[PDB]
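Below you'll find the structure, written out as structure tokens, and then a few comments.
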Ligand code: NA
Ligand code: NA
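Residue numbers (this note's numbering): 3 to 482.
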């Protein structure tokens, strides 16, 4: 063992709705493992509001593309049988499977129900702006085509506490069901950020807490998951997520890795949440993503010495899942903040070659995003994955000492031959920098894995070497 861990989000928002994705994953297993991928984060695998739903408009958590509901049997990605077949391929190829879990809300309700509600202030859900009146809310779920397979639980309006659409008078408003409280504790942006979209689940009810725990365990056992990616957890009561997590680890024999999506460009907020979780999971390093974006947007003037500053990985590398972009940050999406092609290579070297953090590769970057004419960066990434997989080991030395050129090295480890590397980059004019790589690598000649620089670096007697990088580029030297 000892091999570094590399996660990969296997999907992008504009993937084709051809129902063959699971099959593609199945066929890609061997190649992904060989490339350096050790864990695959799959998109929500259950029936959404429609066949083409990316998965977040979650309709039925027990329908993994097995029953005819919402106008389709399969999900956008494929059928339950093809999913299971894919997971089998992943497992036999030494790849962990983390399932995306959406429990904040539900959508695609089978029918509406009359509910007493009040409109609240969009920027302050604490502030009611209307008196209580009766609206028709899409809260009724009967899961017709499933026939109570796996579970006979049915959802009704009293399991929720809000919606953003009154079907009686057909109007958009943030509604809080009268005589129900907004979950707590939850992110406080907008006062109370319990409500995001769809029909918001109220976890105050015991029957709801238990249902999602049982489902969580059913799902876990059904797919033999090795962990989860928790969707929109800042909108879900902190106390419940912890309960749920502890419950799953209790029911499952296998270990379970957990990464939560707490979307906020504020590391303090993330640390607070992790505090409440008692550090029993990691979170996506959202501030680091925005640092990459801020740098991508600004240009060379951006001071590279601050690239990791304010990042979650900087403070708690053991609890940070680092990434460059995702299905929400890609162009045109809800959390759009795309890292341009010029800077993206630097961002990836940063999360794949450094020692801290559990790095995640984005499918959209790897294979490209045809919808927006974004080329596949597979070539560039595979060289960084080769570096991480075979060379990013041993003691690390940082050099964020210049506004343009920065770098770091890894001395390597006896446990893994020829390991050791020196990453150097610049977001402006090129340059060079002497860096220590371990007197034990002395007399060695290192070359750039990325091919961005032809310089051949020989390590002197004191274990030092001068490394070169061109402008707006990044190079990763290793003893190959
Ligand atoms: Na919520
Ligand atoms: Na700069």
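C-beta atoms are modelled at their ideal positions from N, C-alpha and C, and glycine is treated no differently.
Contact fails between the stretch 114-121 and the stretch 183-191, because fewer than three Cβ pairs, one in each stretch, are under 8 Å apart. Proximity of the beta carbon of residue 434 to ligand 2 is not indicated: no heavy atom of the ligand is located closer than 7 Å.
For residue 394, the secondary structure class from DSSP, reduced to helix, strand or coil, is coil. Within the stretch 172-248, the runs of alpha helix (DSSP H) at least 4 residues long that lie entirely inside it are, in chain order, 208-225. Close CB contacts of residue 281 within its chain, under the 7 Å cut and outside five residues either way in sequence, are with 321 (chain order).
Counting the other CB atoms within 10 Å of its CB gives residue 119 a total of 16 or more, which places it among the buried residues.
For the pair residue 75 and residue 67, the Cα-to-Cα distance works out to about 5 Å. Residue nearest to residue 158 within the set 109, 48, 125, 444 is 109 (criterion: CA-CA distance). Sequence-distant partners of residue 171 (beyond 5 residues in either direction) whose C-beta falls short of 8 Å from its own C-beta, in its chain, are 137.
Set against 7 Å, the gap from the CB of residue 472 to the closest heavy atom of ligand 2 is not smaller. Ordered along the chain, residues surrounding ligand 2 are 302, 303, 304, 305, 306, 405, 406, 429, 430 [Cβ under 7 Å from any heavy atom].
Any heavy atom of ligand 1 within less than 5 Å of a residue's beta carbon puts that residue on the list, which reads 106, 196, 202, 237. If you draw a straight line from the Cα of residue 218 to the Cα of residue 153, it comes to about 12 Å. DSSP places residue 311 in the coil class of the three-state scheme, outside both helix and strand.
For residue 450, no alpha helix (DSSP H) segment is defined; the enclosing uninterrupted segment is the beta strand (DSSP E) at 447-450. Boundaries of the alpha helix (DSSP H) around residue 36: 23-37. Residue 46 and residue 103 have their C-alpha atoms some 6 Å from each other.
The DSSP-derived three-state label of residue 82 is helix. In this structure, the CA atom of residue 146 is about 9 Å from the CA atom of residue 69.
For the stretch 116-177, the full-length beta strand (DSSP E) segments reaching 3 residues or more read 126-130, 135-142, 162-168 along the chain.
For the pair of segments examined, the stretch 247-260 was found to touch the stretch 282-301: the number of CB pairs separated by less than 8 Å reaches three. In the pairwise beta carbon analysis, the stretch 263-270 is classified as not touching the stretch 300-310: fewer than three pairs are separated by under 8 Å. Counting C-beta atoms within 10 angstroms of its own C-beta, residue 421 has 16 or more neighbours from the protein chains shown and is therefore classed as buried.
When DSSP states are grouped into helix, strand and coil, residue 461 belongs to the coil group. Between residue 329 and residue 79, the C-beta spacing is not below 8 Å. For residue 102, the secondary structure class from DSSP, reduced to helix, strand or coil, is strand. Per DSSP, reduced to three states, the secondary structure at residue 94 is helical. In the DSSP assignment, residue 477 is bridged to 426. Judged by DSSP in its simplified three-state form, residue 77 adopts coil rather than helix or strand. Just so you know, the alpha carbons of residue 354 and residue 478 end up roughly 11 Å apart. Taking C-beta atoms as the reference points, residue 298 and residue 345 count as a pair closer than 8 Å.
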